[PDB]
Amino acid sequence: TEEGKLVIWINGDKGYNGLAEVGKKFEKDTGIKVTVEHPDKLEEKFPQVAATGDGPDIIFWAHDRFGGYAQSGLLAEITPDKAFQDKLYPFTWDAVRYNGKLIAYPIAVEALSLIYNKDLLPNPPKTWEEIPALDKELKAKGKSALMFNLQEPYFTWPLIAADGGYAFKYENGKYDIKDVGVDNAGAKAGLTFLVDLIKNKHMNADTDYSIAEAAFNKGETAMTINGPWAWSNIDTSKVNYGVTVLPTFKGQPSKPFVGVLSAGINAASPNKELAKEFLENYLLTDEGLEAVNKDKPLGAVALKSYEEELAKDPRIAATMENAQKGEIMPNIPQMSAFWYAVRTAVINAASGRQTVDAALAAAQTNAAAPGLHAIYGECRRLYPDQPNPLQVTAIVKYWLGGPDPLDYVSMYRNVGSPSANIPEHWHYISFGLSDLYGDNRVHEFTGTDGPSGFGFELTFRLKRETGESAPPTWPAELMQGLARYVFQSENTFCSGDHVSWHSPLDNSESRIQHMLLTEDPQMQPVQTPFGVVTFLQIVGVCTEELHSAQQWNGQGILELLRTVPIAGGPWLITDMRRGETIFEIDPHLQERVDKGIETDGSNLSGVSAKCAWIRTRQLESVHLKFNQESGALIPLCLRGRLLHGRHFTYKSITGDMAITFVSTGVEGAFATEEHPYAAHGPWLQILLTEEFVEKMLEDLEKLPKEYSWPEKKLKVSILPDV
Ligand SMILES: OC[C@H]1O[C@H](O[C@H]2[C@H](O)[C@@H](O)[C@@H](O)O[C@@H]2CO)[C@H](O)[C@@H](O)[C@@H]1O
């Protein structure tokens, strides 16, 4: 925000210019500059940035969002003298009251209406069922019957609710968030009807707000569906239009979700009193509302005085008839999640991606899945561009006996950063490792503190190939494999961990057959009522790189991968095509690993190797035998472990034999400085004092190799071992 200046956000389809004129008058009378912006996806931007401390002093939007905003603590409480509260209709105040407090100034009442071309269609239909036949009549003379935005569920909700659909059941003043009604026969009936319209080529699933508006206003289609804001543009057009009641479906009224355009004050705003002055004494006046209304009609206003003038307009009348027949939107926080569920359901059902029953079943479950929704939020923040990415769904859900524990795996196109030389890739995000539903169907509920589910979800970044229109799906199957491992082992992962796989990740001949895990570079962790969720990105590595990771640590090797862009880069993007290890690409990298093992120690506690040396015996002489391969690890054993007071264990692949190098100062060994070499059966422990260890290392500064010291002998060999 800012002090002495007023920043306002309002959607671009509203009358921002009129509002700007009111801002001009305010700037004249008070000297405070009033800036009016209309960013895309503002409502979302607003929750997103309000916390950091950027944001609008005032935010305009339908009330349905505000309850959420208020629960997050983004909104200041508004305080009007009774003198002012009486100027507005009580029910508009109702729409903006949350948890007993007023959290926004109600501005206007928005409801969708059926807008029709009087020239093309003298008497509009009273029912949806006529439209198919009606379209056919018009198609005969190169026109269409109906076109409206199919991308926002706001416009198809009236039809869906008509025969029984609902968001949350309201009884006794309480909305039951668990009782969602988008899955019932009614909702199925309306959405099935829309889908059938598209099947019989009376509508097109691609159609959006702008195509619908252009079509109707140019006079290409007979009808459209929209709110009062739209009219101004139609007035400019050649079309003579009427605004009327929406068509009935199966004998029942269409029930549009009525909104109440409201203005909220940012809790992080310095100028809150300036905001109150502007809204109460400048905007919410006959003069202010008229100013805005000339630009784009607001609908049925909340200011009694001005509304009395407006109510005469037959268009407003129709607006209020549709409004009455429909319901007013709830303002609870769960609305946003509901809207998202339905938006996906409609689009997928209309495009043929899914059936009506499957889409609505998914929307039904997802309307009340705070975890799935809290993740979808962050996904939405990263990809405001992509509302519905290709998404792999597990059709037999895990908690019904299904094999795949990941309910969903979303697949995004990431454009990368040209400035950072980061290539375009596909970004897979998984859903199911965390608590999505929080009703104990998969994961025990644990509360807000602590990890939701296993506390993380999996992500993956697959370098996009030349001409790849769509992301491949094999990474989802991979993610299902890992997910199963976690679910059966009950074993969590942390940034740095490695996964040994030893098969091409993509079931090709690729050299990438193992995985490392790191924090997703872009995905921020999220607060889920069911817990906190972090995002672990999978990074494909060669067998050599995995080995480096075991010998040193995961973290170091990931960074090495970041420096070699071809092998990952800053965001650690997996290229299944890669043919060389990072070490074949830059040998100085091996050097970096050796320095790390020296100064960090190594995470390798033991190896299965070709090698050789109940009562706890003691020995004064010891002769070890090693394969070249296990002989290679001796420096690691000493430099990497004993010099860090860490023990190391060779176990013979055949034998029951074992050799555990023990630093002076390790705990629980049966080897003492007094008696360094001791054995319990086939298991041998030898304790080396640090000085001797250093000496030994210098001595090791190819085959056969023999070493001797006063105490003990060491042999390096090739085929004595079977
Ligand atoms: O698409 C779902 C959407 O519906 C409503 O958004 C309306 C808004 O109320 C109107 O003022 C106008 O801008 O049309 C919007 C839809 O394009 C809800 O208010 C919103 O929360 C929801 O996302």
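The deposited coordinates derive from X-ray crystallography, with the record listing a resolution of 2.800 Å.

The protein chain appears in the PDB entry as MALTOSE-BINDING PERIPLASMIC PROTEIN, SUPPRESSOR OF FUSED HOMOLOG from Escherichia coli. A UniProt comment under Subunit is attached to the protein chain, and it reads "The complex is composed of two ATP-binding proteins (MalK), two transmembrane proteins (MalG and MalF) and a solute-binding protein (MalE)."

A. Region of interest: the sheet that holds strand β8 (residues 144-146). Taken in spatial order, the four strands make up an open sheet running β8-β11-β7-β12, and their pairing is mixed. The open sheet has two free edges, formed respectively by β8 and β12 (241-244), since each of these has just one partner strand. Sheet twist, expressed as the mean angle between neighbouring strand axes with direction ignored, is 20°. Inspection of the sheet shows β8 paired to strand β11 (residues 221-226) by two bridges, in the parallel sense. Bridging across to β11, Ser144 finds its partner in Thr221. Those strands touched by helix α14 (residues 314-325) are β7 (113-117) and β12, and its axis lies near 35° from that of β12.

B. Expanded view of the pattern of salt bridges. Evaluated as defined, the whole model comprises 26 salt bridges. Between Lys14 and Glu110 there is a salt bridge, with the nearest N and O atoms lying 3.5 Å from each other. Of the two residues, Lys14 is situated in the loop between β1 (5-9) and α1 (16-30) and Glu110 in strand β6 (residues 105-110); the sequence distance between them amounts to 96 residues. The partner of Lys325 in a salt bridge is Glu321, with the nearest N and O atoms 3.1 Å apart. Remark: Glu321 and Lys325 occur in helix α14; sequence separation between them is four residues, near one turn of the helix. Relative accessible area serves as the criterion here: at 36%, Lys325 is assigned to the partly exposed category. Counted as one network, the salt bridges with shared partners bring together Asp13, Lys14 and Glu110.

C. The site of the ligand, seen in detail. Neighbouring the ligand are 15 residues; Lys14, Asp64, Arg65, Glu110 and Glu152 lie closest to it. Interatomic distance of 2.6 Å between a side-chain N/O atom of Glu110 and an oxygen atom of the ligand. Within the side chain of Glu152, an N or O atom sits 2.2 Å from an oxygen atom of the ligand. Contact with the protein chains removes 92% of the 470 Å² of surface that the ligand exposes when unbound. Where the shell around the ligand is concerned, the elements lending two or more residues are β3 (58-62), α3 (63-72) and α7 (153-162). Residue contributions to the shell around the ligand peak at three residues, all from α7. Split into classes, the residues belonging to the shell around the ligand amount to eight nonpolar, one polar and six charged.

D. Representation of a nonpolar patch on the surface in the model. A surface patch of nonpolar side chains, amounting to about 280 Å² of accessible area, comprises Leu703, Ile718 and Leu719. If you trace the backbone, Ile718 turns up in the segment after β32 (713-717). For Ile718, a relative accessible area of 45% puts it in the partly exposed group.

E. Quick look at the side chain of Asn266. Along the chain, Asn266 falls in the loop between β13 (259-265) and α11 (272-283). Excluding residues within four positions of it along the chain, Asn266 makes contact with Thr1, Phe46, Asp54, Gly55, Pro56, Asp57, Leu74, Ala76 and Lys272.

F. Geometry of the sheet that holds strand β14 (residues 300-301). Spatial ordering of the open sheet is given by β2-β1-β3-β13-β6-β14, a layout of six strands whose pairing is mixed. Two strands bound the open sheet, and with one partner strand each, they are β2 (33-37) and β14. With five bridges joining them, β1 and β2 adopt parallel strand pairing. Looking at β2, one finds that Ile8 is bridged to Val36. Docked against the sheet, α1 engages β1, β2 and β3, running at close to 170° with respect to β2. Along the sheet, helix α2 (residues 42-50) makes contact with β1 and β3, crossing β3 at roughly 135°.

G. Helix α24 (residues 634-641), seen in detail. Burial of α24 is extensive: six of the eight residues sit out of reach of the surface. Along α24, the residues that are buried comprise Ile634, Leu636, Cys637, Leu638, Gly640 and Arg641.

H. Main features of the environment of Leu121. Within the element layout of this structure, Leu121 appears in the loop between β7 and α6 (131-139). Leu121 gets classed as buried once you look at its relative accessible area, which sits at 7%. Those residues in contact with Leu121, other than ones at most four positions away along the chain, are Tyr116, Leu134, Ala222 and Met223.

I. Focus on the packing of helix α20 (residues 554-563) against helix α22 (residues 588-600). Running from N to C, α20 and α22 point in directions that differ by 155°, and their axes come no closer than 11 Å. When the axis of α20 is compared with that of α22, the two are roughly antiparallel. Relative to α22, α20 is oriented so that their crossing is right-handed. Only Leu589, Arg592 and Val593 of α22 make contact with α20, whose side of the interface consists of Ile557, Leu560 and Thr563. A class-by-class count of the residues in the contact of α20 with α22 yields four nonpolar, one polar and one charged.

J. Highlighting the packing of aromatic side chains. Counting across every chain of the model gives 34 aromatic pairs. Residues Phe66 and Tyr69 carry aromatic rings whose centres are separated by 5.8 Å and whose planes lie at 65° to one another, so their mutual orientation is edge-to-face. Linking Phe66 with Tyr69, this pair stays in helix α3, spanning three residues, or about one helical turn. Judged by relative accessible area, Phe66 falls into the buried class, the value being 1%. For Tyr69, a relative accessible area of 5% translates into the label buried. Judged by centre distance (6.4 Å) and plane angle (10°), the rings of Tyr485 and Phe493 are stacked. When its relative accessible area of 45% is taken as the criterion, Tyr485 is described as partly exposed.

K. How the structure looks around the side chain of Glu280. Here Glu280 shows up in helix α11. Buried and unpaired, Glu280 has no salt bridge, with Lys276 as the nearest side chain of opposite charge at 4.4 Å. Not counting chain neighbours up to four residues away, the residues in contact with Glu280 comprise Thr79, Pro80, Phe84, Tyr105 and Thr285.

L. Molecular detail of the domain arrangement of the protein chain. As far as domains go, the protein chain holds domain 1 (1-387), domain 2 (388-601) and domain 3 (602-722). Here the C-alpha centroids of domain 2 and domain 3 sit 36 Å apart. If you look at the interface, domain 2 gives nine residues, while domain 3 gives nine residues. Interface area for domain 2 against domain 3, summed over the two sides, is near 650 Å², with a carbon-plus-sulfur share of 59%. Inspection of the domain 2/domain 3 interface yields one salt bridge. With a closest N to O distance of 3.8 Å, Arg639 and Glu598 form a salt bridge. For the pair domain 2 and domain 3, the interface holds five residue pairs in polar contact. Element by element, the count of residues in the side of domain 2 that touches domain 3 is highest for α22, at four residues.

Calculation rules
- Residues numbered from 1 in each chain as written, not as in the entry; some residues may be left out.
- Heavy atoms only, no water.
- UniProt positions renumbered as here; feature names shortened; annotations may be inferred.
- Pairing = 2+ DSSP bridges.
- Helix = DSSP H or I, 4+ residues; strand = E, 2+ residues; numbered from the N terminus.
- Axes fitted to C-alpha atoms, helices over the stretch in contact; angles between N-to-C directions.
- Contact = heavy atoms within 4.5 Å.
- Salt bridge = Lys/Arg side-chain N within 4 Å of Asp/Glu carboxyl O.
- Buried < 20%, exposed > 50% of the residue type's maximum accessible area, 1.4 Å probe, protein only.
- Near = heavy atom within 4 Å.
- Polar contact = N/O pair within 3.5 Å; in protein donor to acceptor, adjacent residues only side chain to side chain.
- Areas by Shrake-Rupley, 256 points an atom, 1.4 Å probe, with all protein chains shown as cover.
- Nonpolar A, V, L, I, M, F, W, Y, C, P; charged D, E, K, R; others polar.
- Patch = residues over 30% accessible without salt bridge, like charges linked within 9 Å, V, L, I, M, F, W, Y side chains within 5 Å.
- Parallel < 35°, antiparallel > 145°, perpendicular 65-115°, else oblique.
- Left-handed = near helix turned anticlockwise from the far one by under 90°.
- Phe/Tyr/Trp six-rings, centres within 6.5 Å; stacked < 30°, edge-to-face > 60°.
- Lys, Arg positive; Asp, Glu negative; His and termini not counted.
- Domains from an automatic or database assignment.
- Buried area = accessible area lost by both parts, 1.4 Å probe.

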